[PDB]
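Enquirer: Quick one: the structure is below, and I'll ask about it shortly.
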Amino acid sequence: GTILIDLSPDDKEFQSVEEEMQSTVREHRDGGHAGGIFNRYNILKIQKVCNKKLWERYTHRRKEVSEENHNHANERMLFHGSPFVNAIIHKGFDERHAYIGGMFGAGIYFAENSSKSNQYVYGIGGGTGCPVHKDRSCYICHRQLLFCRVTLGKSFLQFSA
Amino acid sequence: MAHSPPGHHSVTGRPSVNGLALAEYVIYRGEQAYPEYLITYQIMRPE
Ligand SMILES: Nc1cccc(-c2nc3ccccc3c(=O)[nH]2)c1
Ligand SMILES: [Zn+2]
């Protein structure tokens, strides 16, 4: 059911997604161990993910949350990095995409900082880095992230280091 | 997966040490996210 539509770099939609990707890079406390050493990206492609069944599953849940929270879905656009990006875009997010050992329990994690999600592209802590060179800071290999529409609803605030 | 805290639909991890970090978020139901954009990229070596 999933089709991928390439956005033109001339499209304002490409440009606004690129700007969120680039402008939310930060330095990480691991000195680049997990995700690599970089201040910016070379964006190679941005594709819209179109799947009507997955979209309807999302909007159905969004209305449920919204109705439980004074008609406020508290919807955000957030980054997600994962080795399972190909399964996610075809079958949707589910329990197999959860970070069992995450700081806030076994759930599906998203970040405002694209560079935070970049640390998870090759696995937890960057795993062993890219398949080809085993380099977590590979500058050659193509990486993929998701920029996702996320319903937060009523969110539990955890202050944390 | 775990459940959301009672009466909540997600968790927000607010950074409390690193002043420059943005928030991270957790959902406990896959149906609460849609993967809108697939971005293909490289990280760039600093000059
Ligand atoms: N184990 C696992 C599998 C797939 C994705 C991730 C992941 N963890 C994060 C933690 C904090 C902020 C963002 C992410 C993320 O994008 N992916 C973690
Ligand atoms: Zn590589």
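Enquirer: Please state which of the following conditions residue A:133 fails to meet, knowing it meets all the rest: (1) of a type outside the set (S, T, N, Q); (2) within 20 Å of the chain's Cα centre (by Cα); (3) more than 7 Å from every other protein chain (Cβ to nearest Cβ).
Expert: Condition (2) is where residue A:133 drops out.
Enquirer: If residue A:76 satisfies every condition in (1) more than 27 Å from residue B:43 (Cα to Cα); (2) of a type in the set (D, E, K, R); (3) surrounded by 17 or more Cβ atoms within 10 Å (Cβ to Cβ) but one, which is the exception?
Expert: (1)
Enquirer: Report, by residue number, each residue of the stretch A:23-67 that is more than 8 Å from chain B (Cβ to nearest Cβ) and basic (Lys, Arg).
Expert: Of the stretch A:23-67, the ones more than 8 Å from chain B (Cβ to nearest Cβ) are A:23, A:25, A:28, A:30-34, A:50-53, A:56, A:59, A:63-64, A:66-67.
Those that are more than 8 Å from chain B (Cβ to nearest Cβ) and basic (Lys, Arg): A:52, A:53, A:63.
Enquirer: In the stretch A:1-47, how many residues are of a type in the set (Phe, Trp, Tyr), assigned to a loop (DSSP other than H, G, I, E, B) and within 17 Å of residue B:38 (Cα to Cα)?
Expert: At the first step, the residues of the stretch A:1-47 found to be of a type in the set (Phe, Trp, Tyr) are A:14, A:38, A:41.
Retained after the next criterion (residues that are assigned to a loop (DSSP other than H, G, I, E, B)): A:38.
This time we only want the ones that are within 17 Å of residue B:38 (Cα to Cα), so: none.
Residues in the stretch A:1-47 being of a type in the set (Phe, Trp, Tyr), assigned to a loop (DSSP other than H, G, I, E, B) and within 17 Å of residue B:38 (Cα to Cα): 0 in total.
Every number in this text was worked out from the coordinates using simple rules, so none of it is lab data. All Cβ positions, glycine included, derive from the backbone under ideal geometry; neighbour counts span all protein chains shown.
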